[PDB]
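Written below as structure tokens is the structure these notes are about.
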Amino acid sequence: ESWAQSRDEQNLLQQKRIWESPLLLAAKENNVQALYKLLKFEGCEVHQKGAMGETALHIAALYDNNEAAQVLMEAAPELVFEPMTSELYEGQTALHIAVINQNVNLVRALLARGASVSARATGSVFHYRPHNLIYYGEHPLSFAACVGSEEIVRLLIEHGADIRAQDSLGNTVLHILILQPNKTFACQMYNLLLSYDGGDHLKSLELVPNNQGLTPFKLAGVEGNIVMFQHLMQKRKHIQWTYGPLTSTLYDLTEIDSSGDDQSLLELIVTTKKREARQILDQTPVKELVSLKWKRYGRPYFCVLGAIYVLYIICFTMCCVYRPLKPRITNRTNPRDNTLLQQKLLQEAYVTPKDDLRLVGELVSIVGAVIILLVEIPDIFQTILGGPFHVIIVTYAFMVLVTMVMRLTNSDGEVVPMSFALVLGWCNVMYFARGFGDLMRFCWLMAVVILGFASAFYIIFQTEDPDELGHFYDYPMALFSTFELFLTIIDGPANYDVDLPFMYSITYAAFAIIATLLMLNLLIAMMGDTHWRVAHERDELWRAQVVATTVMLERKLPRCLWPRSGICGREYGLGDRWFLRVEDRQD
Ligand SMILES: C[C@@H]1NC(=O)N[C@@H]1CCCCCC(=O)O
Ligand SMILES: [Ca+2]
């Protein structure tokens, strides 16, 4: 018995109780001659409750029967105060119902009887849930603003309706208006509510935050309401001058930027699972902001950090390709004849004819792996948009450390964690391709993959006998052999009289999948560019990835680098805030 079945049972049950009781039916049927005949002579108790704990007036308010409802208030004035006692509709009054249906004459009569406008409808159907078709809040004033009845809104205000009222979720009337379908109607209704504010610079209602720490303006950007977002921007932009077509306007740039841990409107847009919020980044106050942060200080640092990480990876592979080597000391090669093994694990690495040159490189691969963990592990909680680069980088350092833990214990399978570090470390270089967009990305994407897998394949078959399956006997041969395996020109390295290492079968399955996807993705990329304006859907995704990466770099970089966006106002003399100067042309 699901919860949706119960309300279906109750709604069917409610009609039964209305059908059974002749008083509830006459209120539903608007039978005035009955109500006097029902009530004045042997009247069933007027405080009668239905299946939902509704009063006879509550039923008279649902079906806009003003005349039947008027009989119920004159014969019994106490019914106006009574709220619905059922669990589903707990707190709702006859005033809430009359406001929804915009029955103005009944609303006017209900305030004449002093119906409390502070009545909170805390019922279950009024909860902000996906199984509820409408969310209007808990106050009758909030109901008036949502139905768009400006007449009821000011009328409710006249009788002392508090516009600062917050529901169970801490949402004000303004927060609720942004969560509405008809955005262009709510824009008119939104300005109506603001005029009734006290006008104090303090305690402004637009500053009252959601319980999740969201002002109405900030919530509009998170929710993706462009109409409200463009609307709420008029208050916070200032036009400096008008020079013919040119117009230099100054934007506030206060709740849109960063000195808040999660108060950044950018961080909220890039971390939310709302795909609709991706379009707020293209709005004219924001699109210039993110573009300036990327042009300078976003692009160079990404490339500066890019060359460092690239150099860090090749250095690590340089230690892997020329790692310790030992002959097959055991005569075990004859038993289990399938083995082509010349295993090469030794502990005489301290001797340094050229080994220290690897030791200092191995030390770099460790101090860089912990530095990698020193900047991503304290950065706990998680949304990937620019790529799963953060998921792969920590697993890489995990492998290097595990490979380091594998060392000194002299475990034979040192290749296993070391091979995972090669693919994971190199494939993260292809994430740097964001900084010729068509084809050339795959061109650099494909080059990284072989260097990540050819170098891996070389490590696995560095031990085995190159006479059988000698596809990667040389590192320049591992590169070329894996390069042509990328295009299926060469049949996959296979020999069945011997037993191959299990890392090859694992690495090849992972290589075969990627090689096909990139070749599959390349072909569509060629069509999708000349297919339709879907290229813009493919374009704005990358532009969002660039913005997501730009916000990523600004978190950990210190304050000495990457100065604050815009220009401060404290002398010139207009703000503790930072303003962005934008000028546009009109035609
Ligand atoms: C029609 C029912 N009868 C009644 O007296 N109140 C109910 C009103 C139904 C509104 C449900 C709003 C929602 O979906 O949350
Ligand atoms: Ca073949």
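For chain A, we keep the numbers from Swiss-Prot: what you see runs 67-447, 457-510, 526-677, in order.
Every residue gets a Cβ built from N, Cα and C, even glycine.
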Between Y201, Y662, which does Swiss-Prot record as phosphotyrosine?
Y201
Can you dig out which of the ranges 253-257, 572-576, 637-641, 647-651 Swiss-Prot describes as region 'Interaction with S100A10'?
637-641
Can you dig through Swiss-Prot and tell me which residue of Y202, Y317, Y416 is labelled phosphotyrosine?
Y202
Among ranges 81-85, 346-350, 580-584, whichever one Swiss-Prot labels motif 'Selectivity filter':
580-584
With a 10 Å radius around each C-beta, find which of these recorded positions (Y201, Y202, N397) has the fewest other C-beta atoms nearby.
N397
DSSP-derived structure type at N397 (N-linked glycosylation site), helix or strand or else coil:
helix
Check the deposited model and tell me the whole-number distance in Å separating the CA atoms of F447 and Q457, where 9 residues are unmodelled.
5
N397 (N-linked glycosylation site) and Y202 (phosphotyrosine), distance between Cα atoms, whole Å:
81
